[PDB]
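Colleague: Below is my_file.txt; it holds compact mmCIF, N, CA and C atoms.
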# COMPACT_ATOMS: atom_id res chain seq x y z
N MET A 1 124.71 142.20 145.21
CA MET A 1 123.36 142.40 144.82
C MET A 1 122.83 143.52 145.64
N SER A 2 122.74 144.69 145.07
CA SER A 2 122.30 145.82 145.82
C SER A 2 120.79 146.03 145.78
N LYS A 3 120.11 145.30 144.94
CA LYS A 3 118.69 145.51 144.69
C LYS A 3 117.89 144.30 145.20
N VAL A 4 116.57 144.43 145.25
CA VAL A 4 115.69 143.39 145.80
C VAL A 4 114.57 143.13 144.80
N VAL A 5 114.14 141.87 144.70
CA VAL A 5 113.05 141.45 143.82
C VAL A 5 111.75 141.30 144.62
N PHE A 6 110.63 141.76 144.05
CA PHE A 6 109.30 141.45 144.56
C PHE A 6 108.70 140.28 143.79
N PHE A 7 108.13 139.31 144.54
CA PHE A 7 107.50 138.11 144.00
C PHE A 7 105.98 138.27 144.04
N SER A 8 105.34 138.15 142.88
CA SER A 8 103.91 138.35 142.74
C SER A 8 103.32 137.01 142.33
N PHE A 9 102.26 136.54 143.04
CA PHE A 9 101.80 135.18 142.80
C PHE A 9 100.40 134.99 143.39
N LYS A 10 99.78 133.90 142.97
CA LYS A 10 98.51 133.43 143.54
C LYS A 10 98.80 132.60 144.79
N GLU A 11 98.00 132.80 145.85
CA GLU A 11 98.40 132.24 147.15
C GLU A 11 98.46 130.72 147.15
N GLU A 12 97.72 130.05 146.28
CA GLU A 12 97.79 128.60 146.21
C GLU A 12 99.14 128.09 145.74
N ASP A 13 99.94 128.94 145.10
CA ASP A 13 101.31 128.63 144.73
C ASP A 13 102.35 129.02 145.80
N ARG A 14 101.91 129.47 146.99
CA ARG A 14 102.86 129.94 148.00
C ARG A 14 103.96 128.92 148.30
N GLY A 15 103.58 127.65 148.51
CA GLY A 15 104.57 126.63 148.83
C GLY A 15 105.73 126.62 147.85
N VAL A 16 105.41 126.59 146.54
CA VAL A 16 106.48 126.49 145.54
C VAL A 16 107.23 127.81 145.47
N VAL A 17 106.50 128.93 145.58
CA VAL A 17 107.18 130.21 145.55
C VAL A 17 108.08 130.38 146.77
N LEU A 18 107.68 129.82 147.93
CA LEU A 18 108.56 129.92 149.09
C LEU A 18 109.87 129.18 148.86
N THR A 19 109.81 128.05 148.13
CA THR A 19 111.04 127.31 147.86
C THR A 19 111.91 128.05 146.86
N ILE A 20 111.28 128.74 145.92
CA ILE A 20 112.09 129.55 145.00
C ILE A 20 112.83 130.63 145.78
N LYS A 21 112.09 131.33 146.64
CA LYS A 21 112.68 132.39 147.42
C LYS A 21 113.79 131.83 148.29
N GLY A 22 113.53 130.68 148.94
CA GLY A 22 114.53 130.23 149.89
C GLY A 22 115.82 129.87 149.17
N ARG A 23 115.69 129.24 148.00
CA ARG A 23 116.85 128.91 147.19
C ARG A 23 117.60 130.16 146.79
N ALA A 24 116.84 131.18 146.38
CA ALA A 24 117.48 132.41 145.90
C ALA A 24 118.24 133.08 147.02
N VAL A 25 117.73 133.01 148.27
CA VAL A 25 118.43 133.81 149.27
C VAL A 25 119.51 133.01 149.97
N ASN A 26 119.54 131.69 149.78
CA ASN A 26 120.53 130.86 150.44
C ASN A 26 121.82 130.94 149.64
N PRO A 27 122.90 131.54 150.17
CA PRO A 27 124.11 131.77 149.35
C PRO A 27 124.77 130.51 148.83
N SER A 28 124.60 129.37 149.51
CA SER A 28 125.18 128.11 149.08
C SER A 28 124.37 127.38 148.02
N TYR A 29 123.14 127.82 147.77
CA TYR A 29 122.37 127.29 146.65
C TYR A 29 122.65 128.21 145.47
N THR A 30 123.52 127.76 144.56
CA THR A 30 124.02 128.65 143.53
C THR A 30 123.15 128.76 142.30
N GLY A 31 122.21 127.82 142.08
CA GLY A 31 121.34 127.87 140.92
C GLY A 31 120.42 129.08 140.89
N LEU A 32 120.09 129.63 142.07
CA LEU A 32 119.36 130.89 142.17
C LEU A 32 120.06 131.77 143.20
N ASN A 33 120.26 133.03 142.86
CA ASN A 33 121.04 133.91 143.72
C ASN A 33 120.68 135.36 143.50
N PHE A 34 119.82 135.87 144.37
CA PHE A 34 119.38 137.25 144.36
C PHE A 34 118.60 137.49 145.64
N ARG A 35 118.40 138.77 145.97
CA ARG A 35 117.63 139.16 147.16
C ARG A 35 116.14 139.20 146.84
N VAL A 36 115.32 138.79 147.82
CA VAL A 36 113.87 138.72 147.65
C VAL A 36 113.18 139.38 148.86
N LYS A 37 112.22 140.24 148.59
CA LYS A 37 111.45 140.88 149.65
C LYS A 37 110.57 139.87 150.36
N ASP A 38 110.40 140.05 151.68
CA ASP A 38 109.52 139.14 152.43
C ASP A 38 108.17 139.04 151.72
N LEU A 39 107.66 137.80 151.55
CA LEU A 39 106.47 137.63 150.72
C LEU A 39 105.25 138.23 151.41
N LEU A 40 104.39 138.89 150.65
CA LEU A 40 103.11 139.31 151.20
C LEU A 40 102.25 138.09 151.46
N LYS A 41 101.41 138.18 152.50
CA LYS A 41 100.31 137.25 152.71
C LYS A 41 99.03 137.96 152.29
N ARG A 42 98.47 137.55 151.16
CA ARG A 42 97.26 138.13 150.62
C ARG A 42 96.04 137.47 151.23
N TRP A 43 94.89 138.11 151.02
CA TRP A 43 93.61 137.60 151.48
C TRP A 43 92.54 137.99 150.48
N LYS A 44 91.34 137.40 150.65
CA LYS A 44 90.24 137.56 149.70
C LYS A 44 89.64 138.95 149.84
N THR A 45 89.88 139.82 148.85
CA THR A 45 89.25 141.13 148.78
C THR A 45 89.27 141.61 147.33
N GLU A 46 88.18 142.27 146.89
CA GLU A 46 88.19 142.95 145.59
C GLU A 46 88.31 144.47 145.72
N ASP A 47 88.62 144.99 146.92
CA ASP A 47 88.73 146.44 147.15
C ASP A 47 90.07 146.92 146.59
N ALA A 48 90.05 147.67 145.47
CA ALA A 48 91.30 148.12 144.88
C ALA A 48 92.10 148.98 145.85
N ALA A 49 91.44 149.83 146.64
CA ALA A 49 92.18 150.73 147.52
C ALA A 49 92.89 149.95 148.63
N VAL A 50 92.22 148.95 149.18
CA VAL A 50 92.86 148.06 150.15
C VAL A 50 94.04 147.32 149.52
N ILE A 51 93.86 146.74 148.34
CA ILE A 51 94.97 145.97 147.75
C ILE A 51 96.17 146.89 147.50
N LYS A 52 95.91 148.08 146.93
CA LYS A 52 97.00 149.01 146.63
C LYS A 52 97.75 149.44 147.89
N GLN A 53 97.00 149.71 148.97
CA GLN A 53 97.64 150.07 150.22
C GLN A 53 98.43 148.88 150.79
N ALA A 54 97.91 147.67 150.65
CA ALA A 54 98.60 146.51 151.23
C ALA A 54 99.92 146.22 150.52
N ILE A 55 99.99 146.47 149.21
CA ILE A 55 101.21 146.12 148.47
C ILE A 55 102.23 147.26 148.37
N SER A 56 101.83 148.51 148.67
CA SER A 56 102.64 149.68 148.35
C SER A 56 104.06 149.63 148.93
N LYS A 57 104.18 149.59 150.25
CA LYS A 57 105.52 149.65 150.86
C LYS A 57 106.38 148.48 150.41
N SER A 58 105.79 147.28 150.32
CA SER A 58 106.57 146.10 149.95
C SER A 58 107.19 146.29 148.58
N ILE A 59 106.35 146.57 147.60
CA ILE A 59 106.89 146.80 146.27
C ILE A 59 107.90 147.94 146.28
N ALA A 60 107.68 148.98 147.10
CA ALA A 60 108.56 150.14 147.00
C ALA A 60 109.95 149.84 147.55
N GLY A 61 110.08 148.83 148.43
CA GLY A 61 111.43 148.42 148.77
C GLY A 61 112.10 147.49 147.76
N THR A 62 111.62 147.45 146.51
CA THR A 62 112.19 146.56 145.52
C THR A 62 112.44 147.31 144.22
N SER A 63 113.19 146.66 143.34
CA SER A 63 113.62 147.27 142.09
C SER A 63 112.99 146.66 140.86
N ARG A 64 112.29 145.54 141.03
CA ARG A 64 111.64 144.85 139.94
C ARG A 64 110.66 143.89 140.56
N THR A 65 109.71 143.45 139.75
CA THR A 65 108.67 142.50 140.17
C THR A 65 108.70 141.31 139.23
N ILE A 66 108.61 140.11 139.77
CA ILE A 66 108.53 138.91 138.94
C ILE A 66 107.19 138.26 139.25
N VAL A 67 106.39 138.03 138.21
CA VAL A 67 105.11 137.33 138.37
C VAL A 67 105.32 135.85 138.08
N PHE A 68 104.96 135.00 139.04
CA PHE A 68 105.01 133.57 138.81
C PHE A 68 103.64 133.07 138.36
N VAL A 69 103.58 132.55 137.12
CA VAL A 69 102.33 132.11 136.49
C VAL A 69 102.12 130.62 136.72
N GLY A 70 101.16 130.29 137.60
CA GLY A 70 100.67 128.95 137.82
C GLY A 70 99.32 128.73 137.19
N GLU A 71 98.60 127.74 137.71
CA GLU A 71 97.35 127.35 137.06
C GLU A 71 96.24 128.37 137.26
N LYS A 72 96.27 129.13 138.35
CA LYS A 72 95.15 129.99 138.68
C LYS A 72 95.57 131.45 138.87
N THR A 73 96.80 131.80 138.50
CA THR A 73 97.25 133.18 138.64
C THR A 73 96.39 134.15 137.83
N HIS A 74 95.83 133.67 136.72
CA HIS A 74 94.96 134.51 135.89
C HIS A 74 93.72 135.00 136.62
N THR A 75 93.35 134.40 137.76
CA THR A 75 92.18 134.80 138.54
C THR A 75 92.48 135.78 139.66
N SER A 76 93.75 136.05 139.97
CA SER A 76 94.08 136.90 141.09
C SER A 76 93.61 138.34 140.88
N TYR A 77 93.05 138.94 141.94
CA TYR A 77 92.75 140.36 141.95
C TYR A 77 93.93 141.19 142.42
N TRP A 78 94.90 140.54 143.05
CA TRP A 78 96.08 141.23 143.56
C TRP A 78 97.16 141.40 142.50
N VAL A 79 97.43 140.34 141.74
CA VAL A 79 98.53 140.38 140.76
C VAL A 79 98.38 141.56 139.80
N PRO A 80 97.22 141.81 139.20
CA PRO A 80 97.13 143.01 138.32
C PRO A 80 97.56 144.31 139.00
N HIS A 81 97.23 144.51 140.28
CA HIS A 81 97.65 145.74 140.96
C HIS A 81 99.13 145.72 141.27
N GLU A 82 99.68 144.54 141.58
CA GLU A 82 101.12 144.46 141.81
C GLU A 82 101.88 144.79 140.52
N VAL A 83 101.37 144.28 139.39
CA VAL A 83 101.96 144.62 138.09
C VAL A 83 101.84 146.11 137.82
N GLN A 84 100.62 146.65 137.90
CA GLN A 84 100.41 148.05 137.52
C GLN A 84 101.16 148.99 138.46
N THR A 85 101.23 148.67 139.76
CA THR A 85 101.97 149.51 140.70
C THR A 85 103.45 149.55 140.32
N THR A 86 103.99 148.40 139.91
CA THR A 86 105.39 148.35 139.52
C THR A 86 105.64 149.19 138.27
N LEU A 87 104.81 148.97 137.24
CA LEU A 87 105.01 149.68 135.99
C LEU A 87 104.84 151.17 136.18
N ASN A 88 103.87 151.60 137.01
CA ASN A 88 103.65 153.03 137.24
C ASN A 88 104.83 153.67 137.96
N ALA A 89 105.56 152.90 138.77
CA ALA A 89 106.78 153.44 139.37
C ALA A 89 107.98 153.41 138.42
N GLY A 90 107.78 153.01 137.17
CA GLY A 90 108.85 152.99 136.19
C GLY A 90 109.78 151.81 136.32
N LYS A 91 109.36 150.72 137.03
CA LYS A 91 110.18 149.55 137.23
C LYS A 91 109.74 148.42 136.30
N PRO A 92 110.61 147.47 136.01
CA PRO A 92 110.25 146.37 135.12
C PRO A 92 109.44 145.29 135.81
N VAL A 93 108.56 144.66 135.02
CA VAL A 93 107.83 143.46 135.43
C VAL A 93 108.22 142.34 134.47
N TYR A 94 108.71 141.22 135.02
CA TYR A 94 108.96 139.99 134.28
C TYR A 94 108.03 138.89 134.78
N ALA A 95 107.87 137.86 133.96
CA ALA A 95 106.96 136.80 134.31
C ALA A 95 107.55 135.47 133.85
N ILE A 96 107.34 134.42 134.64
CA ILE A 96 107.83 133.07 134.33
C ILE A 96 106.78 132.07 134.81
N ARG A 97 106.62 130.98 134.08
CA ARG A 97 105.74 129.91 134.51
C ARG A 97 106.37 129.15 135.66
N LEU A 98 105.54 128.66 136.58
CA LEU A 98 106.04 127.73 137.58
C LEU A 98 106.28 126.35 136.96
N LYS A 99 107.22 125.61 137.54
CA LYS A 99 107.60 124.31 136.98
C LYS A 99 106.39 123.37 136.88
N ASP A 100 106.27 122.68 135.75
CA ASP A 100 105.18 121.71 135.50
C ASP A 100 103.79 122.32 135.62
N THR A 101 103.62 123.56 135.15
CA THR A 101 102.30 124.18 135.11
C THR A 101 102.07 124.74 133.72
N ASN A 102 100.81 124.96 133.37
CA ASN A 102 100.60 125.55 132.08
C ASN A 102 99.31 126.38 132.17
N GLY A 103 99.34 127.42 133.00
CA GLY A 103 98.14 128.18 133.25
C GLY A 103 97.86 129.21 132.16
N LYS A 104 96.59 129.61 132.10
CA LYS A 104 96.16 130.72 131.27
C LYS A 104 96.99 131.95 131.60
N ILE A 105 97.39 132.69 130.58
CA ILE A 105 98.23 133.86 130.87
C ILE A 105 97.36 134.96 131.49
N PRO A 106 97.74 135.51 132.64
CA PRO A 106 96.94 136.56 133.26
C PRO A 106 96.76 137.75 132.33
N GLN A 107 95.55 138.30 132.33
CA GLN A 107 95.26 139.44 131.46
C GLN A 107 96.19 140.61 131.74
N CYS A 108 96.65 140.78 132.99
CA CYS A 108 97.48 141.96 133.26
C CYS A 108 98.86 141.83 132.64
N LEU A 109 99.28 140.61 132.29
CA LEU A 109 100.54 140.44 131.58
C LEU A 109 100.34 140.65 130.07
N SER A 110 99.35 139.97 129.50
CA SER A 110 98.97 140.15 128.09
C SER A 110 98.79 141.63 127.73
N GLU A 111 98.03 142.34 128.57
CA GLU A 111 97.67 143.74 128.33
C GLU A 111 98.87 144.64 128.22
N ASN A 112 99.95 144.30 128.90
CA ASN A 112 101.16 145.09 128.94
C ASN A 112 102.27 144.51 128.09
N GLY A 113 101.98 143.49 127.29
CA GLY A 113 103.00 142.90 126.45
C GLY A 113 104.14 142.26 127.20
N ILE A 114 103.88 141.71 128.37
CA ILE A 114 104.91 141.09 129.19
C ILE A 114 104.92 139.62 128.83
N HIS A 115 106.05 139.15 128.29
CA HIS A 115 106.18 137.75 127.90
C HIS A 115 106.22 136.86 129.13
N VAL A 116 105.58 135.69 129.05
CA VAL A 116 105.63 134.72 130.15
C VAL A 116 106.65 133.65 129.73
N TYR A 117 107.83 133.66 130.34
CA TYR A 117 108.89 132.71 129.99
C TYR A 117 108.58 131.30 130.49
N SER A 118 109.06 130.31 129.74
CA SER A 118 109.12 128.93 130.22
C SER A 118 109.95 128.84 131.49
N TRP A 119 109.63 127.86 132.34
CA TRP A 119 110.37 127.67 133.59
C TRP A 119 111.79 127.14 133.37
N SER A 120 112.76 127.75 134.06
CA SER A 120 114.04 127.10 134.36
C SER A 120 114.70 127.97 135.40
N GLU A 121 115.62 127.39 136.19
CA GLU A 121 116.35 128.24 137.13
C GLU A 121 117.24 129.24 136.41
N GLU A 122 117.84 128.85 135.28
CA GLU A 122 118.72 129.78 134.56
C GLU A 122 117.94 131.00 134.07
N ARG A 123 116.72 130.77 133.57
CA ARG A 123 115.88 131.87 133.10
C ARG A 123 115.41 132.77 134.25
N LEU A 124 114.97 132.18 135.38
CA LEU A 124 114.60 133.04 136.52
C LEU A 124 115.78 133.89 136.98
N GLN A 125 116.98 133.30 137.05
CA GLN A 125 118.15 134.07 137.46
C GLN A 125 118.38 135.24 136.51
N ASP A 126 118.15 135.01 135.22
CA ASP A 126 118.28 136.10 134.25
C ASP A 126 117.20 137.17 134.48
N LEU A 127 115.95 136.75 134.67
CA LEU A 127 114.88 137.74 134.87
C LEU A 127 115.12 138.53 136.14
N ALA A 128 115.74 137.89 137.13
CA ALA A 128 115.95 138.54 138.42
C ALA A 128 117.12 139.51 138.40
N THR A 129 118.02 139.40 137.43
CA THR A 129 119.22 140.24 137.47
C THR A 129 119.45 141.09 136.23
N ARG A 130 118.83 140.78 135.10
CA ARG A 130 119.11 141.50 133.87
C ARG A 130 118.77 142.98 134.01
N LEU A 131 119.56 143.83 133.36
CA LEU A 131 119.26 145.26 133.28
C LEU A 131 118.83 145.66 131.88
N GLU A 132 117.93 146.65 131.82
CA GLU A 132 117.42 147.24 130.59
C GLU A 132 118.25 148.48 130.24
N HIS A 133 118.20 148.87 128.97
CA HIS A 133 118.87 150.10 128.57
C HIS A 133 118.01 151.29 128.95
N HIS A 134 118.65 152.41 129.23
CA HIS A 134 117.88 153.60 129.55
C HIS A 134 116.95 153.96 128.40
N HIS A 135 115.78 154.52 128.76
CA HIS A 135 114.67 154.74 127.82
C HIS A 135 114.18 153.42 127.25
N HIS A 136 114.40 152.33 128.00
CA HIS A 136 113.86 151.01 127.68
C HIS A 136 113.68 150.23 128.96
Take the structure I supplied and represent it as structure tokens, if you would.

Modeller:
Amino acid sequence: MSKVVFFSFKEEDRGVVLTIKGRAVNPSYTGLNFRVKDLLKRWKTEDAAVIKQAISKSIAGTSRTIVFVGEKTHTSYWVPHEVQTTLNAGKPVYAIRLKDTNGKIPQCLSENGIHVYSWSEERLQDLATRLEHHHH
């Protein structure tokens, strides 16, 4: 695995997202297996310039972004910038629901035609590793 995934999420889902990450990076846990960038710790701000500066380097050390959709991800001010920063760098954004959640789809996913997949480990592993065709 030569590439790294960025995890984009609402902070109230940190606990569950930390377990996803830990499973993915633990080589003996085979249901998830890929590299993950150290998670950002976000805070309450609506300043676009601050958010963009806070996420820039982290996202830039990664090759794709996965948005985890929980109950309140649609309210995040950070997730839309994490999505847009990824897409503007020409990288893919995928999205998956967290297990046993059914949140409103964030506008930044709808707006970009990014499908929000049902939860499963097999599907996350696919979103984390699949490659697109050039000019796609």

Colleague: Could you check the closest approach to residue 132 of chain A for each of A:84, A:119, A:7, A:64 and tell me which residue wins, using only C-alpha atoms?

Modeller: A:64

Colleague: What gap, in Å, lies between atom N of residue 65 of chain A and atom N of residue 93 of chain A?

Modeller: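 It comes out at 5.0 Å.
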
Colleague: Hey, can you check how far atom CA of residue 128 of chain A sits from atom CA of residue 91 of chain A?

Modeller: 12.5 Å

Colleague: Please determine, counting all atoms listed in the file, which residue among A:124, A:5, A:18, A:40 has the shortest atom-to-atom distance to residue 62 of chain A.

Modeller: A:5

Colleague: Can you tell me how far atom CA of residue 73 of chain A sits from atom N of residue 10 of chain A, in Å to one decimal?

Modeller: 5.1 Å

Colleague: Taking the DSSP assignment computed from this structure's backbone, write out as a count of residues only all residues of chain A that belong to helix (DSSP H, G or I).

Modeller: 54

Colleague: For a quick check of understanding, using only C-alpha atoms, which of A:67, A:87, A:49, A:20 has the smallest distance to residue 32 of chain A?

Modeller: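 Result for the nearest residue to residue 32 of chain A: A:20.
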
Colleague: Residues near residue 82 of chain A, anyone? I mean within 10 Å using only C-alpha atoms, not counting same-chain ones fewer than 4 positions away, as a compact mmCIF listing (two decimals) with N, CA and C atoms, in the coordinates of the input.

Modeller:
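So the final result, stored in around_2.txt, reads:
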# COMPACT_ATOMS: atom_id res chain seq x y z
N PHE A 6 110.63 141.76 144.05
CA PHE A 6 109.30 141.45 144.56
C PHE A 6 108.70 140.28 143.79
N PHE A 7 108.13 139.31 144.54
CA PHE A 7 107.50 138.11 144.00
C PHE A 7 105.98 138.27 144.04
N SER A 8 105.34 138.15 142.88
CA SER A 8 103.91 138.35 142.74
C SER A 8 103.32 137.01 142.33
N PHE A 9 102.26 136.54 143.04
CA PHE A 9 101.80 135.18 142.80
C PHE A 9 100.40 134.99 143.39
N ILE A 51 93.86 146.74 148.34
CA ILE A 51 94.97 145.97 147.75
C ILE A 51 96.17 146.89 147.50
N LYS A 52 95.91 148.08 146.93
CA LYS A 52 97.00 149.01 146.63
C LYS A 52 97.75 149.44 147.89
N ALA A 54 97.91 147.67 150.65
CA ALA A 54 98.60 146.51 151.23
C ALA A 54 99.92 146.22 150.52
N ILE A 55 99.99 146.47 149.21
CA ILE A 55 101.21 146.12 148.47
C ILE A 55 102.23 147.26 148.37
N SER A 56 101.83 148.51 148.67
CA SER A 56 102.64 149.68 148.35
C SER A 56 104.06 149.63 148.93
N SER A 58 105.79 147.28 150.32
CA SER A 58 106.57 146.10 149.95
C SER A 58 107.19 146.29 148.58
N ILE A 59 106.35 146.57 147.60
CA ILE A 59 106.89 146.80 146.27
C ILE A 59 107.90 147.94 146.28
N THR A 65 109.71 143.45 139.75
CA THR A 65 108.67 142.50 140.17
C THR A 65 108.70 141.31 139.23
N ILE A 66 108.61 140.11 139.77
CA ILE A 66 108.53 138.91 138.94
C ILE A 66 107.19 138.26 139.25
N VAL A 67 106.39 138.03 138.21
CA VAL A 67 105.11 137.33 138.37
C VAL A 67 105.32 135.85 138.08
N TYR A 77 93.05 138.94 141.94
CA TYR A 77 92.75 140.36 141.95
C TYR A 77 93.93 141.19 142.42
N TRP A 78 94.90 140.54 143.05
CA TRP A 78 96.08 141.23 143.56
C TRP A 78 97.16 141.40 142.50
N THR A 86 103.99 148.40 139.91
CA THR A 86 105.39 148.35 139.52
C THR A 86 105.64 149.19 138.27
N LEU A 87 104.81 148.97 137.24
CA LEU A 87 105.01 149.68 135.99
C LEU A 87 104.84 151.17 136.18
N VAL A 93 108.56 144.66 135.02
CA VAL A 93 107.83 143.46 135.43
C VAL A 93 108.22 142.34 134.47
N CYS A 108 96.65 140.78 132.99
CA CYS A 108 97.48 141.96 133.26
C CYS A 108 98.86 141.83 132.64

Colleague: As JSON, please report the centre and edge lengths, rounded to one decimal in Å, of the axis-aligned box that holds all listed atoms of segment 58-77 of chain A with 4 Å of padding on each of the six sides.

Modeller:
{"center_x": 102.9, "center_y": 138.7, "center_z": 143.1, "size_x": 29.4, "size_y": 30.8, "size_z": 22.4}
